[PDB]
Amino acid sequence: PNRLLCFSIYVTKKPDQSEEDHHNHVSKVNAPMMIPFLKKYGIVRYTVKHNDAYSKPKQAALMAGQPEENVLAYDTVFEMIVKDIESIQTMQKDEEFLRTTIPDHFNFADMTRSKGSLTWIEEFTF
Amino acid sequence: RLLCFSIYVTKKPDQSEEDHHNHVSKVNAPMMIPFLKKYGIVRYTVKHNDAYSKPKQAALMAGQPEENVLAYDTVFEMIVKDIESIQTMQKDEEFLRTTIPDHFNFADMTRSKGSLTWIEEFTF
């Protein structure tokens with residue numbers, strides 16, 4: 001079995017946007033926009049991770065006793081599992097992809113505080 | 001809503017990338033797995049940022065500043081139904097006697113971070 005890759009995008013919301021509006025946009029607008037492209041270009045699995053009012057009390061309880069500075073601050077993380085980075089590169093060159101998803105970034109992301117990572121993964125489902 | 005507890009690991013100050021990832025893959029992850037199973041973790045993922053993936057990462061993130069690249073060596077992700085699963089495991093003294101000393105063989109604990117999120121997942 002060939003190693004799968006994970007492309008993660010760490011997203012910080014706009015400073016004046018509420019967490020509510022950020023996560024509602026991501027779930028109700030951006031994800032429906034993204035999913036047909038992800039499927040078309042062969043992304044295997046797509047996960048959206050939310051650090052919002054629902055999870056933050058659980059995070060605080062779990063990480064109690066650790067410094068607050070050790071908690072990752074990003075509002076949303078997008079993970080794309082792929083067999084090859086060519087999948088992502090091809091989608092990012094799709095002209096309809098560029099003309100619809102790029103303007104939508106301005107509705108939820110501060111693109112001056114985005115980070116990314118491309119890793120290979122070992123997965124265990126129990 | 002399923003939850004994801006992610007641990008972002010910075011390797012030991014003077015350890016080789018190769019030695020770090022061999023230790024994670026051959027020793028630490030297999031050692032963790034019986035306890036994760038016992039306490040009801042759904043899925044466990046180890047993400048490696050090493051010599052195999054870095055050429056691909058550099059290619060993919062070309063045109064982005066170097067500082068936009070996450071610098072962690074390894075990320076551990078545990079999918080759970082509740083935080084109590086992890087909290088219960090973290091109080092198992094067999095788990096603590098067995099696994100805590102191992103952290104010193106691959107992790108710089110001063111530079112590590114964690115995150116607990118809720119997730120939406122799509123499979124195509």
# chains A, B, ... in the order shown; residues from 1 in each chain; ligands from 1
>>> interface_residues(of="chain A", to="chain B", cutoff="7 Å", atoms="only C-alpha atoms", output="VMD selection string")
chain A and resid 39 44 to 51 55 58 to 59 62 70 to 72 85 114 to 126
>>> select_by_dssp(residues="stretch 17-79 of chain B", states="strand (DSSP E)", output="JSON, numbers by chain")
{"B": [43, 44, 45, 46, 47, 48, 74, 75, 76, 77, 78, 79]}
>>> select_by_dssp(residues="stretch 39-91 of chain A", states="alpha helix (DSSP H)", output="count of residues only")
16
>>> residues_around(residues="residue A:32", least_positions_apart="4", cutoff="12 Å", atoms="only C-alpha atoms", output="NGL selection string")
(:A and (24-28 or 36-39 or 46 or 100-101 or 104)) or (:B and (122))
>>> write_last_selection(atoms="N, CA and C atoms", output="compact mmCIF listing (two decimals), in the first residue's frame")
# COMPACT_ATOMS: atom_id res chain seq x y z
N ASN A 24 -20.27 29.05 10.57
CA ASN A 24 -21.46 28.88 9.73
C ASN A 24 -21.11 29.03 8.25
N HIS A 25 -20.28 30.01 7.91
CA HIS A 25 -19.89 30.15 6.51
C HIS A 25 -19.12 28.94 6.03
N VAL A 26 -18.17 28.46 6.85
CA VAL A 26 -17.36 27.33 6.42
C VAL A 26 -18.23 26.12 6.17
N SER A 27 -19.18 25.85 7.07
CA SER A 27 -19.97 24.63 6.97
C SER A 27 -21.08 24.75 5.93
N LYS A 28 -21.72 25.91 5.84
CA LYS A 28 -22.92 26.05 5.02
C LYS A 28 -22.65 26.58 3.63
N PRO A 36 -17.69 19.36 -4.65
CA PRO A 36 -17.67 18.82 -6.02
C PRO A 36 -16.29 18.87 -6.66
N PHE A 37 -15.51 19.92 -6.37
CA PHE A 37 -14.14 19.99 -6.89
C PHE A 37 -13.26 18.91 -6.27
N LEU A 38 -13.35 18.75 -4.95
CA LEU A 38 -12.56 17.71 -4.28
C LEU A 38 -12.85 16.34 -4.87
N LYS A 39 -14.13 16.03 -5.05
CA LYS A 39 -14.49 14.76 -5.65
C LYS A 39 -13.95 14.66 -7.08
N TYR A 46 -11.89 14.46 3.04
CA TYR A 46 -11.83 15.87 3.39
C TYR A 46 -12.39 16.02 4.79
N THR A 100 -14.67 30.76 -8.31
CA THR A 100 -15.68 30.68 -7.26
C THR A 100 -15.10 30.57 -5.86
N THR A 101 -14.10 29.71 -5.62
CA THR A 101 -13.66 29.54 -4.24
C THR A 101 -12.78 30.68 -3.74
N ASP A 104 -14.67 33.54 -2.26
CA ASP A 104 -15.32 33.12 -1.02
C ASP A 104 -14.38 33.13 0.18
N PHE B 122 -15.86 14.07 5.24
CA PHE B 122 -16.44 13.62 3.99
C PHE B 122 -15.53 12.57 3.35
>>> closest_residue(among="B:39, B:62, B:102, B:51", to="residue B:89", atoms="only C-alpha atoms")
B:39
>>> atom_distance(atom1="atom CA of residue A:6", atom2="atom CA of residue A:30")
19.6 Å
>>> residues_around(residues="residue A:90", least_positions_apart="4", cutoff="10 Å", atoms="only C-alpha atoms", output="list in words")
residues 41, 42, 85, 86 and 94 of chain A
>>> closest_residue(among="A:95, A:79, A:84, A:20", to="residue A:53", atoms="only C-alpha atoms")
A:20
>>> atom_distance(atom1="atom CA of residue A:64", atom2="atom CA of residue B:95")
19.4 Å
>>> residues_around(residues="residue B:12", least_positions_apart="3", cutoff="8 Å", atoms="only C-alpha atoms", output="PyMOL selection string")
chain B and resi 15+20+104-108
